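Enquirer: I'd like to ask some things about the structure below.
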Amino acid sequence: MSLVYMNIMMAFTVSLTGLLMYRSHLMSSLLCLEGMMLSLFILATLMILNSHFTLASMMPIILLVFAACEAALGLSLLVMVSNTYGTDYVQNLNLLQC
Amino acid sequence: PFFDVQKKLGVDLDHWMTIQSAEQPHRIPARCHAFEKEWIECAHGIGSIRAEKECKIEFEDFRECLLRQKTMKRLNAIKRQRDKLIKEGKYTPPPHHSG
Amino acid sequence: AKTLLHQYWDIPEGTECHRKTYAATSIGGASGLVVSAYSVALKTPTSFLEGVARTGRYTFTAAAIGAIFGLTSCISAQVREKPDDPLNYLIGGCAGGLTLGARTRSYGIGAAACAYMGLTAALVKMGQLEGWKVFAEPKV
Amino acid sequence: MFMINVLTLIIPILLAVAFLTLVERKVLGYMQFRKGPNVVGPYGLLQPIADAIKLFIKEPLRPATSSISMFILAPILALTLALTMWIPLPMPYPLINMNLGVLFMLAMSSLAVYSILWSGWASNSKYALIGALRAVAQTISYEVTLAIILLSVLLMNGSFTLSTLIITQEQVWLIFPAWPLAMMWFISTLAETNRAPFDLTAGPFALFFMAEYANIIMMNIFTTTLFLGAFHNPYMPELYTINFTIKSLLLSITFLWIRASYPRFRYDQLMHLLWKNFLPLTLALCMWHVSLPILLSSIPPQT
Amino acid sequence: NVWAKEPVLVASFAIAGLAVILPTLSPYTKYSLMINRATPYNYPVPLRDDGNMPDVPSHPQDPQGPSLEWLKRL
Amino acid sequence: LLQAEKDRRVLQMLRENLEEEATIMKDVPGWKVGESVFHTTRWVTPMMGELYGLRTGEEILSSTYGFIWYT
Amino acid sequence: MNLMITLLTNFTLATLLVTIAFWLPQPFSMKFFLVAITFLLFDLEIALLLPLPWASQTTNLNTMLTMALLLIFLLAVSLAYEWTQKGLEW
Amino acid sequence: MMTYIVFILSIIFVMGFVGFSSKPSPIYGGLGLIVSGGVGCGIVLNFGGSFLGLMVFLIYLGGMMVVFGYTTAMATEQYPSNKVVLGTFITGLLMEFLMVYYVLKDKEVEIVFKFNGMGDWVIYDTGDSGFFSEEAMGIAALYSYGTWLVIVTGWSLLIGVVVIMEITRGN
Amino acid sequence: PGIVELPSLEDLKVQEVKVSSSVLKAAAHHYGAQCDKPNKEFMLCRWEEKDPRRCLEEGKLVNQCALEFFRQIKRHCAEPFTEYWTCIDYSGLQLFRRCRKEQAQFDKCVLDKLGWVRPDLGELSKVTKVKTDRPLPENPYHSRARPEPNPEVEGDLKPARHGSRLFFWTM
Amino acid sequence: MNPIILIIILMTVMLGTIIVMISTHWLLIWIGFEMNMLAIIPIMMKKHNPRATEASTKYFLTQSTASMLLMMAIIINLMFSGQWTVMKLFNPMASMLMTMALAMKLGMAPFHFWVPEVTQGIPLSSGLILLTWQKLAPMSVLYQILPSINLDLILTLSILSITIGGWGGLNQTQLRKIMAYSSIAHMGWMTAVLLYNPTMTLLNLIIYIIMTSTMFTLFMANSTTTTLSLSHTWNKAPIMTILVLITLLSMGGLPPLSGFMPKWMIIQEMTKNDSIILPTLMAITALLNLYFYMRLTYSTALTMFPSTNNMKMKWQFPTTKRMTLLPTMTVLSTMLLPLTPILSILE
């Protein structure tokens with residue numbers, strides 16, 4: 001089953017719980033999103049290497065560049081929120097009540 | 001909905017990133033090439049339901065080529081048995097490099 | 001979960017009793033933990049002792065309703081000796097609603113809970129008696 | 001024997017950096033009208049020995065820190081980059097033959113950007129933070145340019161092994177098929193080493209100093225491998241090592257010589273100049289060095 | 001004109017346009033594609049002998065098969 | 001020539017390793033001595049634990065992981 | 001693990017240098033942020049460009065030339081867009 | 001220093017993900033993601049890994065965490081550890097210790113799977129005639145076969161540029 | 001299920017050509033000239049059946065052909081063949097442009113004294129016929145039959161039977 | 001904002017959604033969802049109030065984590081039997097993660113917490129385009145990968161989304177929250193019949209998109225946030241009132257009107273199976289979500305609230321808004337009752 005895949009899936013659950021529960025700063029949430037991205041990258045890359053899946057070996061780098069520009073958009077949104085406020089807490093966002 | 005301009009224009013621009021055994025830029029195979037060719041030829045002119053209930057044997061052969069689960073289970077059982085019998089001490093092992 | 005609801009419905013009803021009440025208390029504890037988990041997620045109790053108190057209250061009330069439902073289920077099935085009616089579980093749902101109103105300490109809620117829980121319990125046993133599948137055929 | 005190889009690489013780096021300090025002081029002294037340092041012994045090699053051991057002796061900066069571990073963790077990273085960045089550099093036989101080394105070069109340059117940013121955050125109050133923030137900006141704005149140019153100059157040679165580079169430099173120097181690209185690359189090396197004519201106006205100052213000068217000698221050695229040099233007949237590596245050392249020394253003297261006589265740039269002039277003049281010109285040279293090997297029937301033997 | 005206005009941009013457009021055009025007038029692109037095609041990566045796989053075909057030569061010295069001769073002669 | 005030596009060497013490890021297995025597993029019930037887990041009557045390429053199995057570390061580390069971090 | 005041995009020796013000798021150097025003597029702007037994101041996006045486009053010298057030996061050369069010129073052309077369009085549209089001004 | 005070095009570097013990898021999923025200050029988070037990316041590079045280079053794992057290193061440890069630490073430096077302050085952060089770090093270390101203990105002294109650990117528990121020298125190549133490091137020629141496609149993919153990728157990055165300038169005050 | 005059919009240790013004893021690598025690399029082209037004519041039997045066996053443990057007689061044949069070729073080059077000129085491959089040995093990876101004058105010397109030896117013109121480029125290419133004695137195999141992918149065909153729906157279509165046949169809106 | 005830039009952003013929304021429609025590779029579907037997000041972010045924050053900024057922040061966080069969980073499901077699919085063909089999947093766990101990803105992508109009951117908050121602080125055009133294309137884009141994917149889904153997933157999310165869009169919905173006079181809860185209820189309907197006959201799902205998608213376009217076009221004809229502003233629209237113009245009447249009643253789904261046709265065909269090809277109690281529960285909740293429509297109609301066109309002068313001033317100016325296409329969409333959306341055998345126009 002290529003035992004390391006279990007550890008990288010457990011690492012995915014680590015990064016996903018770190019993405020979901022997050023106390024104060026949005027930057028930690030965005031960085032754990034980046035960690036989740038790295039987890040998918042590594043897991044799929046080891047799979048494609050051991051498969052000799054040599055034709056469509058584009059998945060690691062292209063998944064990487066797309067979700068990297070996603071993280072760029074997240075950085076710009078966090079800069080905009082921190083620009084119109086003092087800080088970038090999860091609090092001071094309780095306006096616009098559901 | 002899923003559309004078919006991919007087939008309609010005659011430009012098969014996206015069917016090459018798709019499976020293995022499409023022609024790599026240097027003509028090399030993957031690790032489970034022939035299993036794929038027989039599985040695709042098993043389930044080609046098929047309505048994807050007798051693919052579920054008829055090509056099961058060759059699909060399991062392809063899956064155990066791809067992951068090698070139970071073959072590693074057999075090898076791991078051999079390793080654990082070898083460890084417990086060398087723990088016992090019978091036939092201080094000539095399976096390594098010599099008699 | 002499917003395993004413990006299957007353990008509840010696998011009992012002939014019928015009398016194989018007090019396993020029915022144990023399974024019904026397990027159902028009540030599970031459902032109380034579900035709804036209390038949503039409530040402690042969506043309230044921020046502050047302090048945490050209040051959160052444990054609210055979860056304990058929800059689990060305790062749902063387990064009590066399950067226990068009383070199973071008790072009068074077993075008693076009505078033994079006494080009437082007619083295991084096919086839904087009227088015994090109509091009595092069951094009304095008893096569960098009355099004790100829900102008892103543990104929330106208001107009586108109109110207990111009356112409406114008697115009516116609605118009795119109707120739903122009669123419908124549940126009635127649909128199990130005829131046979132109405134869970135959520136799907138899913139064929140045509 | 002392999003740890004002996006590693007120690008014979010990373011023992012002469014202290015000798016090289018301290019003697020580079022005396023050489024830059026003497027060469028600035030003779031670009032100016034100054035002799036010395038020559039009172040401290042004959043011509044002053046014990047003068048870098050003496051001030052190095054003096055700065056070791058002299059009492060450190062009192063903290064005044066935030067996360068002591070982080071504050072020690074930044075310069076340890078800078079110096080271990082400066083040590084771990086001479087591994088794949090071929091003078092004739094490199095320490096590790098790799099499939100690819102130039103992307104490792106650019107990656108460790110980005111780790112130097114990490115060193116600057118971590119020292120800037122963990123340093124002090126807000127003004128030094130703003131200064132180091134501008135420094136990180138003017139450092140990071142050039143790794144676009146240097147990686148682009150390095151890609152376009154290896155595209156004439158197709159492979160990343162860099163021993164294929166020392167093969168393909170045998171006939172002509174690579175300065176002749178790409179002079180403007182190499183010139184802009186050299187300006188980018190002046191940017192990455194963060195010296196004059198580019199502005200930067202700590203602890204430990206000796207370690208940051210060490211990382212600076214090992215970065216300079218690193219870029220000079222990589223330049224001398226990359227754009228010029230000569231052949232290497234085997235079973236005689238002293239010949240290529242002599243010619244390599246002489247050309248790298250002349251280029252480092254030229255580097256400090258260009259430093260010696262130019263004022264520092266304005267910051268918005270620096271960003272303006274980089275983007276609006278190097279970036280379209282790098283793109284022009286890249287597209288022409290793409291479309292030209294498909295023209296002139298010379299695509300490299302990428303094995 | 002604009003040669004005095006923004007000169008490095010005009011030089012970039014000029015070298016850009018010649019890089020676009022210049023592969024059209026080129027007597028070497030077919031040479032490039034022949035060089036790039038005539039280099040084998042995999043094994044040159046044989047075949048079941050003959051239907052008595054005047055191709056697929058038996059000795060590798062035999063020049064009946066398609067070979068390269070413009071390689072050695074520049 | 002390299003191909004022929006490679007084929008003879010991997011069949012040599014197959015023969016000796018199944019001889020070792022036939023010597024070592026005569027206690028467990030069941031256990032046909034040389035079954036492929038697969039169903040088709042085809043020579044599958046082995047999995048480097050059928051070849052380099054129970055060789056105790058040294059040769060399998062110098063064989064599998066050799067090129068991966070050899071320089 | 002051979003370069004891991006080199007990394008270990010350099011790391012240990014650097015820590016020896018630091019610890020023997022230490023045991024012995026005893027708001028913000030948007031303009032700061034635009035350049036970093038511009039770096040990030042053009043660096044990702046560099047990441048798309050840089051396998052070009054890997055690719056130049058195939059049997060499809062005109063198409064490679066066309067899409068390589070398309071990648072640098074798109075990068076130039078992005079550059080000229082933020083150039084003309086006051087993206088980097090002061 | 002032995003066979004299960006891929007497994008051990010995976011242990012340090014999941015420790016790093018726990019080490020910034022405990023929610024520290026985000027510059028400690030950037031440190032944790034840098035350490036995690038370095039050891040992930042180590043894992044994929046152990047599978048070899050000749051290009052892609054050195055390729056991620058320039059992007060995430062070369063271009064992404066730089067801007068994450070940049071935005072940590074310029075936007076949030078966090079001017080002064082805590083119970084909750086280090087307690088979650090303790091429970092994450094406990095969960096990893098429990099899972100790897102049950103991998104070590106038993107057959108297999110199942111979340112809902114069958115992870116065949118031993119270190120992975122299996123599977124691997126049986127010494128084939130590679131000759132071009134198949135990653136290299138694979139990624140040395142995308143310009144012959146890759147018509148659509150690189151076009152939509154570059155187009156998405158261009159639209160990312162115009163999106164960023166519009167939200168940060170286009171034009 | 002099915003067990004493999006391994007060959008014995010009686011077929012796994014060929015006089016192996018235990019020679020080193022640089023001499024075998026430098027002695028490649030004329031080995032392609034004189035010998036390597038009956039090993040495309042082995043190549044066609046390997047590519048018509050993907051199954052070594054079967055084509056091993058032709059492996060023994062190419063083994064004895066290469067040993068016979070090195071015997072024939074051992075007995076006659078050149079003994080400075082030894083000088084040629086030790087001139088090409090210590091040059092890293094063995095470029096053939098390294099020791100070119102002694103390559104000309106070995107070619108002049110073998111040409112003026114034995115024959116064996118060197119194969120010009122590109123004559124170690126150029127797809128080559130081969131006849132064998134065994135008949136070519138069928139279906140080496142040992143599989144079952146293609147289980148069911150779909151009955152292809154054809155025939156000229158009738159109009160609608162009494163309209164939509166829904167609730168209403170008939171016709 | 002430049003008009004060229006807005007035409008470009010609309011081009012990229014259309015490009016991303018068409019890539020989701022047309023591709024057969026999984027990476028391309030993920031690229032289409034991400035590009036749809038990246039393009040739809042600056043349609044919001046069209047003004048520069050902080051309401052749209054916080055709305056776009058919440059939307060970006062939920063949309064990005066949905067995208068990455070979708071990528072997790074695909075990499076699980078290739079951890080099992082691995083090929084990049086949009087077909088039957090090869091794991092109940094991967095299909096579970098994938099349908100929960102798409103349930104985050106488009107408005108579902110555990111995941112609906114961002115929908116009224118993203119719609120409240122934005123203008124009407126951004127809300128219209130996000131509802132249309134962000135409820136059109138996952139439906140093609142679900143229509144593709146239906147034959148390998150555990151049914152309890154889809155049916156649980158459908159039932160709970162219909163009853164949440166019902167019960168949540170009796171409390172808001174913010175018209176964007178009303179339309180958002182209506183979107184939740186109708187997306188529960190349009191997801192419910194995915195595993196039985198997806199022709200009904202796509203026809204319901206067409207009808208819902210045309211209805212919401214009519215409703216938001218009527219709100220863009222005269223800028224309102226509350227019902228009292230709709231009473232002022234009663235005072236200033238009478239034809240908008242009867243349009244609000246007809247379009248609210250066709251959101252209500254009454255058998256003389258065309259909004260009933262998607263309910264009725266769902267009940268038909270649902271009850272040709274053994275599902276009867278589930279249709280009567282769903283249609284009781286369809287009776288439930290008509291009540292806020294009905295009190296809205298009572299507020300707009302049937303009773304009349306007291307008005308303010310300067311409506312006297314607004315009498316002297318005839319109407320000068322441009323409608324994109326209001327009347328064609330209106331009579332396509334409401335008089336479509338005798339065209340039920342235009343069911344089979346779809347498959």
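Letters for chains follow the order of the structure tokens (A, B, ...), residue numbers begin at 1 for each chain, and ligand numbers begin at 1 in the order shown.
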Using DSSP secondary structure from the backbone, list all helix (DSSP H, G or I) positions within region 9-58 of chain B, as a PDB file with N, CA, C and O atoms, in the first residue's frame.

Expert:
```pdb
ATOM      1  N   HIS B  33       1.102  -1.216 -18.027  1.00  0.00           N
ATOM      2  CA  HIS B  33       0.608  -0.920 -19.371  1.00  0.00           C
ATOM      3  C   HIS B  33      -0.374  -1.971 -19.884  1.00  0.00           C
ATOM      4  O   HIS B  33      -1.495  -1.637 -20.298  1.00  0.00           O
ATOM      5  N   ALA B  34       0.040  -3.238 -19.891  1.00  0.00           N
ATOM      6  CA  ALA B  34      -0.753  -4.289 -20.527  1.00  0.00           C
ATOM      7  C   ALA B  34      -2.038  -4.570 -19.769  1.00  0.00           C
ATOM      8  O   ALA B  34      -3.058  -4.923 -20.382  1.00  0.00           O
ATOM      9  N   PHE B  35      -2.000  -4.419 -18.442  1.00  0.00           N
ATOM     10  CA  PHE B  35      -3.206  -4.533 -17.633  1.00  0.00           C
ATOM     11  C   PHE B  35      -4.229  -3.487 -18.037  1.00  0.00           C
ATOM     12  O   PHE B  35      -5.419  -3.792 -18.169  1.00  0.00           O
ATOM     13  N   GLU B  36      -3.767  -2.262 -18.302  1.00  0.00           N
ATOM     14  CA  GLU B  36      -4.663  -1.230 -18.809  1.00  0.00           C
ATOM     15  C   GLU B  36      -5.206  -1.564 -20.179  1.00  0.00           C
ATOM     16  O   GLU B  36      -6.381  -1.305 -20.450  1.00  0.00           O
ATOM     17  N   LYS B  37      -4.359  -2.077 -21.078  1.00  0.00           N
ATOM     18  CA  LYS B  37      -4.845  -2.332 -22.432  1.00  0.00           C
ATOM     19  C   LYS B  37      -5.912  -3.419 -22.433  1.00  0.00           C
ATOM     20  O   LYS B  37      -6.960  -3.262 -23.072  1.00  0.00           O
ATOM     21  N   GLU B  38      -5.716  -4.471 -21.641  1.00  0.00           N
ATOM     22  CA  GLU B  38      -6.742  -5.506 -21.577  1.00  0.00           C
ATOM     23  C   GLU B  38      -7.972  -5.048 -20.809  1.00  0.00           C
ATOM     24  O   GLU B  38      -9.083  -5.469 -21.139  1.00  0.00           O
ATOM     25  N   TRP B  39      -7.820  -4.148 -19.840  1.00  0.00           N
ATOM     26  CA  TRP B  39      -8.992  -3.677 -19.114  1.00  0.00           C
ATOM     27  C   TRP B  39      -9.840  -2.738 -19.963  1.00  0.00           C
ATOM     28  O   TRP B  39     -11.078  -2.812 -19.938  1.00  0.00           O
ATOM     29  N   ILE B  40      -9.189  -1.853 -20.717  1.00  0.00           N
ATOM     30  CA  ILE B  40      -9.902  -0.955 -21.615  1.00  0.00           C
ATOM     31  C   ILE B  40     -10.563  -1.742 -22.739  1.00  0.00           C
ATOM     32  O   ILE B  40     -11.711  -1.466 -23.110  1.00  0.00           O
ATOM     33  N   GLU B  41      -9.884  -2.768 -23.261  1.00  0.00           N
ATOM     34  CA  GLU B  41     -10.535  -3.607 -24.259  1.00  0.00           C
ATOM     35  C   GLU B  41     -11.629  -4.486 -23.662  1.00  0.00           C
ATOM     36  O   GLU B  41     -12.524  -4.917 -24.395  1.00  0.00           O
ATOM     37  N   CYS B  42     -11.584  -4.754 -22.356  1.00  0.00           N
ATOM     38  CA  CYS B  42     -12.693  -5.454 -21.716  1.00  0.00           C
ATOM     39  C   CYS B  42     -13.911  -4.554 -21.606  1.00  0.00           C
ATOM     40  O   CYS B  42     -15.041  -5.005 -21.822  1.00  0.00           O
ATOM     41  N   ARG B  50     -22.606  -3.583 -16.900  1.00  0.00           N
ATOM     42  CA  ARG B  50     -21.907  -4.835 -17.078  1.00  0.00           C
ATOM     43  C   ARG B  50     -20.394  -4.653 -17.098  1.00  0.00           C
ATOM     44  O   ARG B  50     -19.671  -5.649 -17.038  1.00  0.00           O
ATOM     45  N   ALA B  51     -19.895  -3.412 -17.144  1.00  0.00           N
ATOM     46  CA  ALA B  51     -18.506  -3.160 -16.772  1.00  0.00           C
ATOM     47  C   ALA B  51     -18.299  -3.374 -15.285  1.00  0.00           C
ATOM     48  O   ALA B  51     -17.239  -3.846 -14.859  1.00  0.00           O
ATOM     49  N   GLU B  52     -19.291  -3.006 -14.479  1.00  0.00           N
ATOM     50  CA  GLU B  52     -19.188  -3.227 -13.045  1.00  0.00           C
ATOM     51  C   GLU B  52     -19.308  -4.706 -12.714  1.00  0.00           C
ATOM     52  O   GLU B  52     -18.602  -5.209 -11.833  1.00  0.00           O
ATOM     53  N   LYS B  53     -20.185  -5.424 -13.411  1.00  0.00           N
ATOM     54  CA  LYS B  53     -20.467  -6.806 -13.041  1.00  0.00           C
ATOM     55  C   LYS B  53     -19.842  -7.845 -13.967  1.00  0.00           C
ATOM     56  O   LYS B  53     -20.124  -9.035 -13.803  1.00  0.00           O
ATOM     57  N   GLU B  54     -19.004  -7.452 -14.920  1.00  0.00           N
ATOM     58  CA  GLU B  54     -18.433  -8.473 -15.797  1.00  0.00           C
ATOM     59  C   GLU B  54     -16.916  -8.415 -15.912  1.00  0.00           C
ATOM     60  O   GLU B  54     -16.275  -9.464 -15.975  1.00  0.00           O
ATOM     61  N   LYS B  56     -14.786  -7.661 -13.641  1.00  0.00           N
ATOM     62  CA  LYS B  56     -14.323  -7.486 -12.271  1.00  0.00           C
ATOM     63  C   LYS B  56     -12.961  -8.130 -12.051  1.00  0.00           C
ATOM     64  O   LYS B  56     -12.120  -7.572 -11.338  1.00  0.00           O
ATOM     65  N   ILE B  57     -12.722  -9.287 -12.674  1.00  0.00           N
ATOM     66  CA  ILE B  57     -11.488 -10.041 -12.454  1.00  0.00           C
ATOM     67  C   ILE B  57     -10.282  -9.272 -12.980  1.00  0.00           C
ATOM     68  O   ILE B  57      -9.286  -9.079 -12.268  1.00  0.00           O
ATOM     69  N   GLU B  58     -10.376  -8.778 -14.215  1.00  0.00           N
ATOM     70  CA  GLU B  58      -9.269  -8.028 -14.795  1.00  0.00           C
ATOM     71  C   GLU B  58      -9.117  -6.659 -14.146  1.00  0.00           C
ATOM     72  O   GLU B  58      -8.001  -6.129 -14.074  1.00  0.00           O
TER      73      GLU B  58
END
```

Enquirer: Might you pull out every residue within 8 Å of region 59-71 of chain G, with only C-alpha atoms counted and same-chain residues fewer than 6 positions away left off, and present them as a ChimeraX atom specification?

Expert: /D:287,290-291,294 /E:33,36-37 /G:49,52 /H:143-144,147,151,154

Enquirer: What residues in chain B lie within 7 Å of chain J, counting only C-alpha atoms, written as a list in words?

Expert: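 Filtering chain B at 7 Å from chain J with only C-alpha atoms gives residues 1, 2, 3, 4, 18, 19 and 63 of chain B.
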
Enquirer: At what distance in Å, to one decimal, does CA of residue 140 (chain C) lie from CA of residue 152 (chain I)?

Expert: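 If I compute the distance from CA of residue 152 (chain I) to CA of residue 140 (chain C), I get 23.5 Å.
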
Enquirer: Considering only C-alpha atoms, return as a VMD selection string whatever protein or nucleic-acid residues lie within 8 Å of residue 151 (chain D), sequence-local ones (same chain, fewer than 3 positions apart) excluded.

Expert: (chain D and resid 147 to 148 154 to 155) or (chain G and resid 50 53)

Enquirer: Write a file of the selected residues as a PDB file, in the first residue's frame, keeping N, CA, C and O atoms.

Expert:
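Final output, saved to out_30.pdb:
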```pdb
ATOM      1  N   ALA D 147      17.162  34.701 -12.563  1.00  0.00           N
ATOM      2  CA  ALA D 147      16.712  33.375 -12.977  1.00  0.00           C
ATOM      3  C   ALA D 147      16.318  33.361 -14.447  1.00  0.00           C
ATOM      4  O   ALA D 147      16.621  32.397 -15.163  1.00  0.00           O
ATOM      5  N   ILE D 148      15.658  34.430 -14.909  1.00  0.00           N
ATOM      6  CA  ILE D 148      15.323  34.573 -16.325  1.00  0.00           C
ATOM      7  C   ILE D 148      16.575  34.567 -17.197  1.00  0.00           C
ATOM      8  O   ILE D 148      16.654  33.838 -18.198  1.00  0.00           O
ATOM      9  N   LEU D 154      21.585  29.226 -20.257  1.00  0.00           N
ATOM     10  CA  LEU D 154      21.722  27.779 -20.355  1.00  0.00           C
ATOM     11  C   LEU D 154      20.922  27.192 -21.505  1.00  0.00           C
ATOM     12  O   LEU D 154      21.137  26.024 -21.852  1.00  0.00           O
ATOM     13  N   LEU D 155      19.972  27.948 -22.060  1.00  0.00           N
ATOM     14  CA  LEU D 155      19.169  27.445 -23.174  1.00  0.00           C
ATOM     15  C   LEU D 155      20.013  27.193 -24.421  1.00  0.00           C
ATOM     16  O   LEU D 155      19.665  26.342 -25.246  1.00  0.00           O
TER      17      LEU D 155
ATOM     18  N   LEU G  50      10.403  27.969 -17.082  1.00  0.00           N
ATOM     19  CA  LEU G  50      11.696  27.310 -16.878  1.00  0.00           C
ATOM     20  C   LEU G  50      11.906  25.845 -17.301  1.00  0.00           C
ATOM     21  O   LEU G  50      13.068  25.449 -17.436  1.00  0.00           O
ATOM     22  N   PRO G  53      14.166  24.712 -21.471  1.00  0.00           N
ATOM     23  CA  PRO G  53      15.366  24.013 -21.960  1.00  0.00           C
ATOM     24  C   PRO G  53      15.320  22.513 -21.784  1.00  0.00           C
ATOM     25  O   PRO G  53      16.141  21.819 -22.391  1.00  0.00           O
TER      26      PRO G  53
END
```
